[PDB]
Amino acid sequence: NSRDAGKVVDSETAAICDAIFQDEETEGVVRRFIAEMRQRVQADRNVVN
Amino acid sequence: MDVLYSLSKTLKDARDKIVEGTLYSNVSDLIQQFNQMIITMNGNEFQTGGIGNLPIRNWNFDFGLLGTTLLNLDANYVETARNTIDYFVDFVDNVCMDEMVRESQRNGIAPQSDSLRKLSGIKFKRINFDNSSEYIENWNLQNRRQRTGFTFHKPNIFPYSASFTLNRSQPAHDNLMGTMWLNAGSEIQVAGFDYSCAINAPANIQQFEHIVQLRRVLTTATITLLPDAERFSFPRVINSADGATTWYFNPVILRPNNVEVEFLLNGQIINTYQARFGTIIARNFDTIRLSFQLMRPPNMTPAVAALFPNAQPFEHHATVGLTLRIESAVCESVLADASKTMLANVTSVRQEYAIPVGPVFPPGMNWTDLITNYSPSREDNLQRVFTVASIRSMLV
Ligand SMILES: [Cl-]
Ligand SMILES: [Zn+2]
Ligand SMILES: [Zn+2]
């Protein structure tokens with residue numbers, strides 16, 4: 001559900017995030033965050049979040 | 001200027017909006033603008049100069065961007081942002097001070113400090129975002145030759161002047177006719193005195209005129225007019241025009257007669273108020289003409305008749321007054337006023353670093369001297385420094 005080529009760790013997190021995204025009782029803010037939350041890969045620093 | 005203002009505004013928005021517990025969606029656009037600023041400034045070396053006692057300072061920008069990782073901002077995010085914001089705010093304050101302490105005779109509106117000249121490069125134009133403050137808005141409109149004005153509460157438009165004119169005078173200064181006035185800031189307190197109480201006047205009427213040429217045109221001005229001038233209604237010992245001797249003033253206040261306030265623009269009668277007191281509106285003017293008459297009371301009670309004899313000596317001197325107070329106005333040029341701190345800020349920065357007197361401003365940024373000779377070059381330099389000062393005020 002990422003709108004910016006987002007990645008998560010791990011596949012279980014992906015399953016949970018998809019289930020929360022599809023849930024009707026989820027807050028719109030939480031849904032938008034799941035759609036917008038991003039990883040940050042700094043290859044120059046050798047760091048990943 | 002717009003880039004420096006945009007840096008200041010971005011930093012102020014970051015300081016106000018990047019707060020612990022705030023929704024990620026409250027700062028998305030702010031985070032984007034802040035990261036744009038970081039990218040643009042990264043890898044650039046700046047120098048704030050050593051004019052006066054202002055220390056030379058070198059600024060390096062190598063900062064990581066802000067992430068977008070938590071639904072509600074936490075303490076770690078705010079701390080990282082605070083570190084970056086503190087460094088940037090220090091840099092912006094130093095740039096503003098450096099620009100404030102300089103001036104130029106020819107291109108007074110153009111940047112003077114090396115840092116602001118560098119920030120005027122195209123590469124930094126990307127930092128530019130919302131220009132909403134009054135001074136930056138006026139700056140941008142003025143760069144485009146668009147009509148715009150600054151609103152002033154109690155504008156400091158009248159250079160300080162406490163002097164008198166004697167139309168009738170003698171070496172003994174005992175039968176005097178003339179006018180006293182104080183023109184200070186937004187106030188004009190004028191008085192006309194006749195020692196003989198117009199005993200020998202053509203119709204027992206003595207006419208007094210006070211003309212004040214404003215150094216800039218004021219528009220949409222609200223003005224309080226009061227009949228009496230409290231400053232010239234008590235006994236005074238006043239030096240002579242040369243200061244050789246001193247004369248005596250013993251006023252007795254009479255009702256001003258045939259009071260006419262004329263607000264003139266280009267010599268045309270824009271506004272006219274006859275015998276009207278209280279709040280009045282002057283649309284658009286550059287000269288004030290206050291004409292008032294001392295009329296000897298045709299009928300006097302025995303005490304009043306005793307005050308004014310038919311001949312000398314005159315111990316009680318008949319005085320009519322007028323007080324004019326510009327409470328608020330609009331001027332196309334920048335002015336010092338009672339509510340803003342721009343003149344105070346620029347003067348404080350210049351005094352606190354012992355900036356040598358330049359070729360544009362008077363020593364010590366004396367406002368009376370500045371407004372007395374408010375040349376176009378001085379107007380340009382003052383607008384530049386006032387805009388920089390207002391930019392600095394958003395952070396400091
Ligand atoms: Cl006030
Ligand atoms: Zn006030
Ligand atoms: Zn004299």
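Within every chain, numbering begins at 1; the chains are lettered A, B, ... in the order of the sequence lines, protein sequences first and strands thereafter.
Remark: side-chain polar atoms of B:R283 are not paired, donor with acceptor, to backbone N or O of B:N271 under 3.5 angstrom. The closest donor-acceptor contact from the side chain of B:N284 to the backbone of B:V217 lies at 3.5 Å or more, if one exists at all. Checked by atom type and distance alone, the side chain of B:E262 never pairs as donor or acceptor with a backbone atom of B:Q268 at under 3.5 Å. B:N94 places a side-chain N or O within 3.5 Å of a backbone atom of B:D90 that can act as its donor or acceptor partner. No donor-acceptor pair closer than 3.5 Å links the side chain of B:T48 to the backbone N or O of B:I56. Between the side chain of B:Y24 and the main chain of A:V29, a donor-acceptor pair closer than 3.5 Å is present. A donor-acceptor contact shorter than 3.5 Å links the side chain of B:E99 to the backbone of B:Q112. Between the side chain of B:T341 and the main chain of B:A344, no donor-acceptor pair closer than 3.5 Å is present. With B:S8 contributing its side chain and B:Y5 its backbone, the two residues share no donor-acceptor pair below 3.5 Å. A donor-acceptor pair under 3.5 Å is formed between the side chain of B:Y77 and the backbone N or O of B:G67.
When B:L370, B:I371, B:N373 are each tested for a side-chain contact (heavy atoms from CB on, under 4.5 Å) with B:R215, only one passes: B:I371.
Annotation for B:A389 and B:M342: closest pair CB-CG, 3.9 Å, computed over non-hydrogen atoms. B:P362 and B:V357 get closest at one heavy-atom pair: C-CG2, 4.3 Å. For the residue pair B:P155 and B:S186, the shortest heavy atom distance occurs at O-CB, 3.2 Å. Here the closest heavy-atom approach between residue B:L4 and residue B:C96 is recorded as CD2-SG, 3.7 Å. Smallest separation of non-hydrogen atoms from B:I127 and B:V3: CG2-O, 4.0 Å. B:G178 and B:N167 get closest at one heavy-atom pair: CA-OD1, 3.7 Å.
Between the side chains of B:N183 and B:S161, no donor N or O sits under 3.5 Å from an acceptor N or O. Using a 3.5 Å distance cut-off with no hydrogens or angles, the side chains of A:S2 and A:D4 do pair a donor with an acceptor. Using modelled atom types and a 3.5 Å distance limit, the side chains of B:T222 and B:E327 yield no donor-acceptor pair. For B:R378 and B:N381, the side-chain atoms include no donor-acceptor pair closer than 3.5 Å.
Side-chain contact between B:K9 and B:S132: present, with at least one pair of heavy atoms (C-beta onward) separated by less than 4.5 Å. No side-chain heavy atom of B:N26 sits under 4.5 Å from any side-chain heavy atom of B:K17. Counting only heavy atoms from C-beta outward, the side chains of B:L343 and B:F386 approach each other to under 4.5 Å. Using a 4.5 Å heavy-atom cutoff, the side chains of B:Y273 and B:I223 are not in contact. Contact of the B:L214 side chain with the B:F158 side chain is registered, since non-hydrogen atoms from C-beta on lie closer than 4.5 Å. By the 4.5 Å heavy-atom criterion applied to side chains, B:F361 and B:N366 are not counted as neighbours. When side chains are defined from C-beta on, B:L335 does not count as touching B:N156, because their heavy atoms never get closer than 4.5 Å. With a 4.5 Å cut-off on side-chain heavy atoms, B:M41 and B:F46 count as touching.
A salt bridge is defined here as a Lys NZ or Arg NE, NH1 or NH2 lying under 4.0 Å from an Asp or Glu carboxylate O, and B:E332 with B:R216 fails to meet this definition. Ion pairing between a basic and an acidic side chain is recognised when a charged N comes within 4.0 Å of a carboxylate O; B:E134 and B:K340 show such pairing. The existence of a salt bridge linking B:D2 and B:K125 is confirmed by a sub-4.0 Å separation between a basic side-chain nitrogen and an acidic carboxylate oxygen. Salt-bridge annotation for B:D93 and B:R392: present, with a side-chain N of the basic residue lying under 4.0 Å from a carboxylate O of the acidic one. A salt bridge links B:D98 to B:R102: at least one charged side-chain nitrogen sits closer than 4.0 Å to a carboxylate oxygen.
The number of heavy-atom neighbours closer than 6.0 Å to CD of A:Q42, taken from other residues, nucleotides and ligands shown, is above 12. The environment of B:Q274 atom CD is dense: over 12 non-hydrogen atoms of other residues, nucleotides or ligands sit within 6.0 angstrom. The 12-atom threshold is not exceeded at CG of B:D29, counting heavy atoms of other residues, nucleotides or ligands nearer than 6.0 Å. Counting non-hydrogen atoms of neighbouring residues, nucleotides and ligands closer than 6.0 angstrom, the CG atom of B:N58 exceeds 12 such neighbours. Enclosure of atom CD in B:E209 by more than 12 non-hydrogen atoms of other residues, nucleotides or ligands within 6.0 angstrom is indicated.
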(message) Please evaluate residues B:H317 and B:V252 with respect to the criterion side chain to side chain contact (heavy atoms under 4.5 Å, CB included), reporting the C-alpha separation (whole Å), side-chain torsions for both, the decisive distance (0.1 Å), and the verdict.
(response) CA-CA 6 Å; B:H317 316 136; B:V252 52; 5.7 Å; no
(message) side chain to side chain contact (heavy atoms under 4.5 Å, CB included), that's the test. Do B:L382 and B:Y374 meet it? Break it down for me.
(response) CA-CA 10 Å; B:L382 201 70; B:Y374 201 20; 3.7 Å; yes
(request) Apply side chain to side chain contact (heavy atoms under 4.5 Å, CB included) to A:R31 and A:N1, showing your working. (result) CA-CA 9 Å; A:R31 214 188 314 278; A:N1 312 293; over 6 Å; no
(request) Kindly determine whether B:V360 and B:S377 satisfy side chain to side chain contact (heavy atoms under 4.5 Å, CB included), including the steps that lead there. (result) CA-CA 7 Å; B:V360 173; B:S377 149; 4.0 Å; yes
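Residues meeting the ring pair (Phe, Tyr, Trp, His ring centres under 6.0 Å) test with B:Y87, sequence neighbours left out: B:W59, B:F61, B:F63. Take B:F263 and apply the ring pair (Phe, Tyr, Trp, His ring centres under 6.0 Å) test, not counting sequence neighbours, and it matches B:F285.
The distance from the OG atom of B:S291 to the CD atom of B:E260 is 4.0 Å, given to the nearest 0.5 Å. Annotation: the span from B:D286 atom CG to B:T219 atom OG1 amounts to 11.5 Å, rounded to 0.5 Å. To the nearest 0.5 Å, atom CZ of residue B:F292 and atom CZ of residue B:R255 are 13.0 Å apart. A distance of 5.0 Å separates CD1 in B:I280 from CG in B:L225, rounded to the nearest 0.5 Å. To the nearest 0.5 Å, atoms OG (B:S6) and CE (B:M1) are separated by 12.0 Å. Here the CE atom belonging to B:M97 is positioned 11.0 Å from the CG atom belonging to B:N345, to the nearest 0.5 angstrom.
The aromatic rings of B:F164 and B:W247 sit perpendicular, their planes meeting at an angle over 60°, well past the 30° parallel limit. Relative ring orientation between B:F193 and B:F249 is described as perpendicular, the plane-to-plane angle rising above 60° on a 0-90° scale split at 30° and 60°.
For the pair B:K118 and B:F124, the NZ or CZ position fails the cation-pi test of under 6.0 Å to the six-membered ring centre and within 45 degrees of the ring normal.
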